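A structural walkthrough
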Amino acid sequence: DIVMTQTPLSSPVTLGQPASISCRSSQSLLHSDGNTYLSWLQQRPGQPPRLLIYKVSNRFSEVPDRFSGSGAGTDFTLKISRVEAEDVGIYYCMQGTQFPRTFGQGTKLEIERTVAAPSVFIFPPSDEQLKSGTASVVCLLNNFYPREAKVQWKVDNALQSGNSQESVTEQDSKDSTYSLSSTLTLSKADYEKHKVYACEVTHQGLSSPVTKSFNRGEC
Amino acid sequence: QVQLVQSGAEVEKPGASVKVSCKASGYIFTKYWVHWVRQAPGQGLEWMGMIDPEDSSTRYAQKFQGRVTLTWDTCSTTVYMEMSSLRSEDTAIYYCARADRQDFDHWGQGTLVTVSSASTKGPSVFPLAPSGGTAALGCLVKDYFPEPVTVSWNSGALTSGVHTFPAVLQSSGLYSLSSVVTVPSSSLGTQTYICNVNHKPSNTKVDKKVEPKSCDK
């Protein structure tokens, strides 16, 4: 079974800067028919892989010429001349010289861009959910860079702990930012014995922490 | 105009079988092998097998021989992948892909198959109501099992500024996710905003209108 091995990138790639991804096979990919069956696929977040380069160096239809491929035998390289926002994702090599078809483990390409502060929004629990006996309070951090961000929930200015969960999106393929949602979950009981619900956000693009808040049952 | 469109997500208990469809359109089907490759959650790509629609011959990787069956139904121009004796390790996104001269040049969107004995549960959907700038609104999709759910906005007309977050697993063992969009505040009183939530395992289909909370007393 031919084993394909890729090299990880050591750091995100700045927009506009070149990138190179390398792939090696455990034996030559030169087929007896004269072809070398090494292809490159890119998988953007949530999407299926898409073919970029086939037979070492050929660009599949509609692939921009900033992508190129080179190599021979057991050593191959995908090169992006100038990395664009849409290039974020995971790049895979695959061999088709022998069965089973096999893939490299993937190389992740992350984009480095300028600092971007999050826009912050707080959402009270809906009245429909309160009827069910639980209150979800949601805090949204929208389009920020870099990924590192701290969200702290406060209820009547008391720091919350152990009752929230957060989720972060993958890097955006258009502006290279992240977004984050944090959900604070209380019973209707605990929710209705307090007034002020605050989400306080720390992040490199904020001069000082930003708080968004609401008062229960006010416009 | 080559397309491959796969069936919706599945969930089955250990020991059961599943059958996934890949509907091909827009090319001469008998002239191209169709392959299947799977991808476990945060994992890489694993080749499974291939079928030639011309003569229905197949070839499988050793580890799937006797467990995976590929077939080609010419009148519905559809490839099927059936796999039996499912195991937890079979949870994965299953892709079909067309090959052209050995290279995989067109991929279906993938089908999530979850192998679990946990009970299926459909979500509840709650509004995240908007509060010359930008407004954020969304839908909370709470308490479902298994993955996945899909959220579109205005039946697919609204795509810019949408962020549908990765689901979080709650301590109850049920998932929850939010889907938000940012819009001009000036559109709030005039443009209607509807999140279309689908959870195929529980046959949940919900369209929720999301409007500013009225401050009317």
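Quick note: structure is the one above.
Residues numbered from 1 in each chain as written, not as in the entry; some residues may be left out. Chains lettered and ligands numbered in written order. Heavy atoms only, no water.

**Quick notes on the pairing of strand β18 (residues 194-199) of chain B**
Residue and element names in this part refer to chain B.
- With 4 bridges connecting them, strand β14 (residues 150-153) and β18 associate as antiparallel partners. Note on β18: the bridge partner recorded for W153 is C195.
- Relative to strand β19 (residues 204-209), β18 runs antiparallel, the two being bridged by 6 bridges. What sits directly across from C195, in β19, is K208. (Pairing = 2+ DSSP bridges. Helix = DSSP H or I, 4+ residues; strand = E, 2+ residues; numbered from the N terminus.)

**Notes on the nonpolar core**
- In terms of nonpolar packing, the biggest core is built from 65 residues, with A:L38, A:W40, A:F103, B:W36, B:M81 and B:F104 touching the most fellow members.
- Beyond its immediate stretch of four places on either side in the chain, A:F103 contacts A:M4, A:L41, A:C93, A:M94, B:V37, B:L45, B:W47, B:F104 and B:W107.
- Counting 24 residues, the second largest nonpolar core, distinct from the first, contains A:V151, A:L180, A:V201 and A:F214. (Core = buried A, V, L, I, M, F, W, Y, C linked by side-chain atoms within 4.5 Å. Buried < 20%, exposed > 50% of the residue type's maximum accessible area, 1.4 Å probe, protein only. Contact = heavy atoms within 4.5 Å.)

**With respect to the interface of chain B and chain A**
- Counting residues at the interface gives 42 residues for chain B, matched by 40 residues for chain A.
- Across the interface of chain B and chain A, roughly 3,500 Å² is buried in total on both sides, 67% from carbon and sulfur atoms.
- Linking chain B with chain A are 1 salt bridge.
- When the shortest N-O distance is used, the salt bridge between B:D103 and A:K55 registers 2.9 Å.
- Taken together, chain B and chain A are joined by 11 residue pairs in polar contact.
- For the side of chain B that touches chain A, the secondary structure elements donating two or more residues are β4 (34-39), β5 (46-52), β10 (103-107), β12 (124-128), β13 (134-144), β15 (162-164), β16 (168-169) and β17 (175-184) of chain B.
- Looking at the side of chain B that touches chain A, the element that brings in the most residues is β13(B), giving 6 residues.
- In the side of chain B that touches chain A, the residues fall into 22 nonpolar, 13 polar and 7 charged. (Buried area = accessible area lost by both parts, 1.4 Å probe. Salt bridge = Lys/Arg side-chain N within 4 Å of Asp/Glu carboxyl O. Polar contact = N/O pair within 3.5 Å; in protein donor to acceptor, adjacent residues only side chain to side chain. Nonpolar A, V, L, I, M, F, W, Y, C, P; charged D, E, K, R; others polar.)

**Re the side chain of A:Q152**
All names here are of chain A.
- By secondary structure assignment, the location of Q152 is in strand β15 (residues 150-155).
- Here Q152 falls in the buried class, since its relative accessible area comes to 14%.
- Excluding residues within four positions of it along the chain, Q152 makes contact with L159, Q160, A198, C199 and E200.

**Some words on the sheet that holds strand β19 (residues 196-202) of chain A**
Residues and elements named next belong to chain A.
- One open sheet accounts for 4 strands, arranged β16-β15-β19-β20; its pairing is antiparallel. The open sheet has two edge strands, β16 (158-159) and β20 (210-215), and neither has a second partner.
- Strand direction decides the pairing type here: β15 and β16, joined by 2 bridges, are antiparallel. From the neighbouring strand, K154 faces β16, where its bridge partner is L159.

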